[PDB]
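Trainee: the data below comprise the sequence and an experimental structure of the protein.
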Amino acid sequence: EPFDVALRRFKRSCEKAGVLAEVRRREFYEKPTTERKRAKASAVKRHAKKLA
Amino acid sequence: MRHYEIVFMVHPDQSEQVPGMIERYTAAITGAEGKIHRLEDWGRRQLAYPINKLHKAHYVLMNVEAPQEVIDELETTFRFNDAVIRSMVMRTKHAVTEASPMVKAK
Amino acid sequence: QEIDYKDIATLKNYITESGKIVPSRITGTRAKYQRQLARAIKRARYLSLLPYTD
Amino acid sequence: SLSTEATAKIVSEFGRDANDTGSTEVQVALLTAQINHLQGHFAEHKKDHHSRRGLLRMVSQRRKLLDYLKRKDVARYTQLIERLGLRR
Amino acid sequence: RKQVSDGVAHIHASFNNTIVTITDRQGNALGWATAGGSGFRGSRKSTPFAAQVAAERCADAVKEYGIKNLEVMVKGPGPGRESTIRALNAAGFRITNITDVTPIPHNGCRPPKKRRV
RNA sequence: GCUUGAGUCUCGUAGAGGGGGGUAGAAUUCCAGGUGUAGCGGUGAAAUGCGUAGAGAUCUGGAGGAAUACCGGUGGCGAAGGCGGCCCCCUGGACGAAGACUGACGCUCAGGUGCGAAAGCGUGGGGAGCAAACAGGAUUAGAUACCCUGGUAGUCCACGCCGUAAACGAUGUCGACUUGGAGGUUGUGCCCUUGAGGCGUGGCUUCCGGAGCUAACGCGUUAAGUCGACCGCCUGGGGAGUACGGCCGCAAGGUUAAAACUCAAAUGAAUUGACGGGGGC
Ligand SMILES: NC(=O)OC[C@@H](O)C[C@H](NC(=O)[C@H]1NCCC[C@H]1O)C(=O)N[C@@H](Cc1c[nH]cn1)C(=O)N[C@H](C(=O)O)[C@H](O)c1c[nH]c(Cl)n1
Ligand SMILES: [K+]
Ligand SMILES: [K+]
Ligand SMILES: [K+]
Ligand SMILES: [K+]
Ligand SMILES: [K+]
Ligand SMILES: [K+]
Ligand SMILES: [K+]
Ligand SMILES: [K+]
Ligand SMILES: [K+]
Ligand SMILES: [K+]
Ligand SMILES: [K+]
Ligand SMILES: [K+]
Ligand SMILES: [K+]
Ligand SMILES: [Mg+2]
Ligand SMILES: [Mg+2]
Ligand SMILES: [Mg+2]
Ligand SMILES: [Mg+2]
Ligand SMILES: [Mg+2]
Ligand SMILES: [Mg+2]
Ligand SMILES: [Mg+2]
Ligand SMILES: [Mg+2]
Ligand SMILES: [Mg+2]
Ligand SMILES: [Mg+2]
Ligand SMILES: [Mg+2]
Ligand SMILES: [Mg+2]
Ligand SMILES: [Mg+2]
Ligand SMILES: [Mg+2]
Ligand SMILES: [Mg+2]
Ligand SMILES: [Mg+2]
Ligand SMILES: [Mg+2]
Ligand SMILES: [Mg+2]
Ligand SMILES: [Mg+2]
Ligand SMILES: [Mg+2]
Ligand SMILES: [Mg+2]
Ligand SMILES: [Mg+2]
Ligand SMILES: [Mg+2]
Ligand SMILES: [Mg+2]
């Protein structure tokens, strides 16, 4: 097995796992109201998009 | 009359005291006029993650019908017996007696 | 009918290799069965029939 | 929270017929039995406010039914409150 | 001065610094280097180039051991998780197994407050 | 009298509804030990700070507290506040099918009584992380701040108190009626061979939109449409939800609630421009 194929494999596995996004979201604290605000905003766009 | 499902894992080194444990537990149950709807003793299977620095354990499944008091006693014996490393008592809607997938695969 | 926590083989169809439960939007499962699936997966992870992580 | 047999026997005792589950007397009797049964639970769990709301609903329902029965006729009202041991 | 054919590499890549340590399979560390320790000092240590030079310095630090089979694991989100692993190849170690371990708290402890910059 | 409103019983269903008790894994911190060396940490840039008394990194073991990645959802439950690992015990409500039962037993309420985020208060525990106050390092013209390194109350538990929030849908409760479309979730009836699937019928819920309504924005069968019952509340902006009095509270304070005086405005929605350390080309 070549090294470089193992690298992209590992890179793909890391991207699929989503650990980096989880870490970058858990870096600082988010108050519940703000998190709920983000969730609602992300839903109102996905809808007004899918509709568009 | 409540139906319960009990799964308990025991340290493998005590696994020759598993034919033993089943005996007294079934005793208590029928002692209370309960019915052992199902007993399975698939054992020595590998754990997904280590428990108590161990890597394998002896499993025993028991679907039973019993009143609460016998169930609570069993729980305390599980809690105090050092051979049992894990236990879990669950309620079931009705009696179940058909073979679990752990033995039907065997 | 009921999704059994002991039936490991079908449960491994709903977890990633890292052990995380797969979103229902990927497996196309109904909501009720997704809830029973999550309950059974957690129950199995307690009994060490499934791993929490990899 | 009453078992099926307890409910059935209360219905048989306070109603005219075994199928008479809607009469005022059996309704008050079932409400009283449920309240008495729940008294112990709320003795043990003083901060179960959400269940205490349902208990208060049972109390208010019994009050309303007793007032209706008292207005309807005082004979059955007096007989029932003396048989159930209610102050008023 | 012993020889260890099968060695492990630990890559602690933070948002600010990169630390590469070669240890043995049992975890007893036998060499280490950092982006700051490699000569960079300050924000420069956050650059992936500093990560490559840290990997090279660690590889130099582990020559005396007979290390040829390197099992790599990387922890952290910072920009030193890909350059570093490409420098260990240029150094010459045979990379056998590569894994990613990164602490995910499963909602354990309250993180610090957001910076209002 | 009656059964259509209201309620009772029988059988099931879904649910982070509530209270109590156990338990699991991940992570942070600390402690002990092993390996091992000169940095680590932090920022816009730095500097306080930690480190050869051996840190940071890595491995093993232990202690402890708090919170439950994924599932997870414009999903669900609850009167509202709110409720999220898993298991058990106690317990509330809702909904559906079919039938039986009672016979207006209803709706809404001034006073009244309960519940009521977070912060706060009292007593006693607990204390990992975070963090008002505070200390130091920066920045600046100054920085009492934003940024950095630390850090106490508090955040957690038990029992009391407090009773307030943009406690919001800024939309009181109950009932009736009035075109549609696309979804979600949860029951149930009849049928392709049912599991998949085709026709209906209930509950809850999201988004468009018709008539109508509206100052406009918008609402639009979950109305802000058409009506009825009852309750709460408003009468220009300030002064002021303040003073005084009463009630409540350990206290912080809460609640009820003026007047003198002063101005001719204050205000809502939308329009055209101008700007923005707002976005696009
Ligand atoms: N008069 C006086 O007190 O200082 C002069 C003031 O105008 C400086 C100005 N300051 C800021 O923006 C604050 N914004 C919030 C975070 C902290 C701070 O940064 C500023 O220009 N900063 C620069 C950094 C800097 C240069 N010289 C001194 N400080 C800056 O980077 N500002 C960023 C921005 O303007 O978008 C941003 O605020 C930021 C990133 N990182 C940090 Cl720290 N701040
Ligand atoms: K329940
Ligand atoms: K009649
Ligand atoms: K801090
Ligand atoms: K300035
Ligand atoms: K503290
Ligand atoms: K208060
Ligand atoms: K709101
Ligand atoms: K529906
Ligand atoms: K249907
Ligand atoms: K207009
Ligand atoms: K009212
Ligand atoms: K005036
Ligand atoms: K005080
Ligand atoms: Mg009832
Ligand atoms: Mg940085
Ligand atoms: Mg920080
Ligand atoms: Mg619950
Ligand atoms: Mg519970
Ligand atoms: Mg050490
Ligand atoms: Mg009132
Ligand atoms: Mg509080
Ligand atoms: Mg206190
Ligand atoms: Mg204290
Ligand atoms: Mg600070
Ligand atoms: Mg200061
Ligand atoms: Mg200064
Ligand atoms: Mg104080
Ligand atoms: Mg108010
Ligand atoms: Mg709210
Ligand atoms: Mg209001
Ligand atoms: Mg609801
Ligand atoms: Mg509309
Ligand atoms: Mg209306
Ligand atoms: Mg209007
Ligand atoms: Mg006042
Ligand atoms: Mg106020
Ligand atoms: Mg006053």
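Mentor: Arrived safely. Numbers count the residues shown, from 1 in each chain, chains lettered A, B, ... in the order given. Ligands and ions are numbered 1, 2, ... in the order given.

Trainee: now do the contacts for residue E:75.
Mentor: Contact analysis of residue E:75 by Cβ atoms under 8 Å, 6 or more residues apart in numbering or on different chains lists E:10, E:11, E:12, E:13, E:100, E:101, E:102, E:103. No exception for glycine: its C-beta is placed from N, CA and C like everyone else's.

Trainee: so what's the residue count around the closest residue to residue E:90 other than its chain neighbours?
Mentor: Here the nearest residue to residue E:90 in space, its sequence neighbours aside, is residue E:56; by Cβ to Cβ, 6 or more residues apart in numbering or on different chains that works out to 7.8 Å. Other residues within reach of residue E:56, judged by other Cβ atoms under 10 Å in any protein chain shown, total 18.

Trainee: mind listing the helices for the chain?
Mentor: Chain wasn't specified; assuming chain A. A:3-17, A:19-26, A:32-50 (DSSP state H).

Trainee: not quite, go with chain B.
Mentor: B:18-31, B:68-80, B:101-104.

Trainee: turn those into a markdown table, columns for mean neighbour count and distance to residue B:47.
Mentor: As requested, those are exported to a markdown table (neighbours: other Cβ atoms under 10 Å in any protein chain shown; distance: least, Cβ to Cβ, whole Å):
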| stretch | mean neighbour count | distance to residue B:47 |
| --- | --- | --- |
| helix B:18-31 | 15 | 16 |
| helix B:68-80 | 14 | 18 |
| helix B:101-104 | 13 | 14 |
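
Trainee: same list, the helices of chain A, but as a markdown table with distance to ligand 16 and mean neighbour count please.
Mentor: Shown next, in a markdown table, are the helices of chain A (distance: least, Cβ to the ion, whole Å; neighbours: other Cβ atoms under 10 Å in any protein chain shown):
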| stretch | distance to ligand 16 | mean neighbour count |
| --- | --- | --- |
| helix A:3-17 | 21 | 14 |
| helix A:19-26 | 14 | 15 |
| helix A:32-50 | 24 | 10 |
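
Trainee: just want the residue of chain E that's nearest chain C.
Mentor: residue E:104 (8.0 Å; Cβ to the nearest Cβ).

Trainee: which residue, other than its chain neighbours, is closest to that residue?
Mentor: According to Cβ to Cβ, 6+ apart, the nearest residue to residue E:104 is residue A:22 (5.7 Å).

Trainee: quick check: phi and psi on the single nearest residue of chain E relative to chain B?
Mentor: Residue nearest to chain B within chain E (Cβ to the nearest Cβ): residue E:106, separated by 14.1 Å. Dihedral pair for residue E:106: phi 50, psi 40, per degrees, to the nearest 10.

Trainee: for RNA strand F, find the nearest of the helices of chain A.
Mentor: helix A:32-50 (3.7 Å; Cβ to the nearest atom of the strand).
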